[PDB]
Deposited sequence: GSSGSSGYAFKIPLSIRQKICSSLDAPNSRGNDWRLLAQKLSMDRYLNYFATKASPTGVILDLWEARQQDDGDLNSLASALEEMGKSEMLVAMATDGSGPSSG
């Protein structure tokens, strides 16, 4: 789109959040941090819910940066992910 998440980062965020997490700290939390909590039931049936979430996120950007994504992962305590993004 007018903006795209670099592939290596998208892949890491997805591998990390797609896995169902007993305590709610999976893609569901990202969806809530990006104000897409109303659509949870739609992402739930996709092979990669995190993938759909990030596509929608990209679609609504202008040519912006990864600040709101980095910042959401931060509030989720996804420390390693943050490091991962900076590293690349």
**Complete:** Compared with the full deposited sequence, the modelled chain skips 1-7, 71, 97-103
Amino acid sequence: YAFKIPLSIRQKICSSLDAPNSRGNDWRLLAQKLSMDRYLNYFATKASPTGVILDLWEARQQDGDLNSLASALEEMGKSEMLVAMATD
From here on, numbers count along this sequence of modelled residues.
**Asked** Mean C-alpha B factor from the entry: is it higher for 24-32 or for 49-57?
**Response** 24-32
**Item:** 9-17 versus 73-81 - greater average Cα B-factor per the deposited record
**Value:** 73-81
